[PDB]
Amino acid sequence: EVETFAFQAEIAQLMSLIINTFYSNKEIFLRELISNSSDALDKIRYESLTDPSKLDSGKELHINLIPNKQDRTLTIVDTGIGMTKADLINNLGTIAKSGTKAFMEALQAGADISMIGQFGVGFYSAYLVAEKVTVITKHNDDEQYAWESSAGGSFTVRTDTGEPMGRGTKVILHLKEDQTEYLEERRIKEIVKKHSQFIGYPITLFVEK
Ligand SMILES: C#CCCCn1c(Cc2cc(OC)c(OC)c(OC)c2Cl)nc2c(N)ncnc21
């Protein structure tokens, strides 16, 4: 069964602001997502110093960027800690409620969208370039899940029966039609070099086809 949930009003409100505001510097979505991956990798690494069996689901700690022009997707893959079902439906949204308010406040004081990450809600910058975001994730403690949202005030969560991923997260960006520059290898390298050059995990940029 696919379950459908409503975003908290404040999140819905943040998402519409990100979709509707005129803001050309969309490219920062990628450093926000890579940074989320790096944090998630830090987390599993740390946890495994006191419980080595936490890496039975995979020793390798890395990030893959995978463009597919045929599907028009850019996928950010990591072997980090993953997210549980409670993370997906409740935990992360509760936390996010306070960062959203603060971010929205800051924007009315002349902050700009690029600073979203300082408020712990940078995930939602995905909606600068994606019409739909699909997140497949597996945490050691839980089953594999798929989250998706096209905004519009709702998201879904289902158990994922696709290919098992071991441990980690895939964020699949279904790009807006005018945002296909982020499928281009030279454009991606440029952004990773500009914004994400000092990440402490290998970042492999996959090419097509
Ligand atoms: C906020 C924040 C960071 C924690 C959640 N998270 C994120 C960002 C994130 C935040 C969310 O809510 C605030 C969220 O749900 C709406 C979310 O999921 C669909 C993601 Cl991927 N990316 C990763 C990742 N690659 N690996 C592990 N946890 C992640």
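Residues numbered from 1 in each chain as written, not as in the entry; some residues may be left out. Heavy atoms only, no water.

- Its PDB record attributes the structure to X-ray crystallography, giving the resolution as 2.00 Å.

### Remarks on the packing of helix 1 (residues 9–20) against helix 3 (residues 85–107)
- Where helix 1 meets helix 3, the closest approach of the two axes is 9 Å, and the angle between their N-to-C directions is 50 degrees. In this view, helix 1 runs oblique relative to helix 3, as classed from their interaxial angle. The way helix 1 lies across helix 3 gives a crossing that is left-handed. Facing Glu 10, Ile 11, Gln 13, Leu 14 and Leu 17 of helix 1, the residues of helix 3 in contact are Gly 93, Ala 96, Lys 97, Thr 100, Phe 103, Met 104 and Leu 107.
- In terms of residue class, the contact of helix 1 with helix 3 is made up of seven nonpolar, three polar and two charged. (Axes fitted to C-alpha atoms, helices over the stretch in contact; angles between N-to-C directions. Helix = DSSP H or I, 4+ residues; strand = E, 2+ residues; numbered from the N terminus. Parallel < 35°, antiparallel > 145°, perpendicular 65-115°, else oblique. Left-handed = near helix turned anticlockwise from the far one by under 90°. Contact = heavy atoms within 4.5 Å. Nonpolar A, V, L, I, M, F, W, Y, C, P; charged D, E, K, R; others polar.)

### Examining the site of the ligand
- The immediate surroundings of the ligand are formed by 13 residues, with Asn 36, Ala 40, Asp 78, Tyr 124 and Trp 147 found nearest.
- A distance of 2.8 Å is found between a nitrogen atom of the ligand and a side-chain nitrogen or oxygen belonging to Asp 78.
- Interatomic distance of 3.5 Å between a side-chain N/O atom of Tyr 124 and an oxygen atom of the ligand.
- Coverage of the ligand by the protein chains reaches 87% of its 590 Å² of free accessible surface.
- Taking a 2 Å distance to the grid points as the criterion, the majority of the atoms of the ligand fall inside the largest pocket.
- Within the residue set of the shell around the ligand, elements represented by two or more residues are helix 2 (29–50) and helix 3.
- Of the residues forming the shell around the ligand, the biggest block, three residues, is contributed by helix 2.
- Tallied by class, the residues present in the shell around the ligand amount to eight nonpolar, four polar and one charged. (Near = heavy atom within 4 Å. Polar contact = N/O pair within 3.5 Å; in protein donor to acceptor, adjacent residues only side chain to side chain. Areas by Shrake-Rupley, 256 points an atom, 1.4 Å probe, with all protein chains shown as cover. 1 Å grid on protein atoms, 1.4 Å probe; cavity = no way out; pocket = protein on both sides within 12 Å on 5 of 7 lines; lining within 4 Å. Sits in = over half its atoms within 2 Å of the grid points.)

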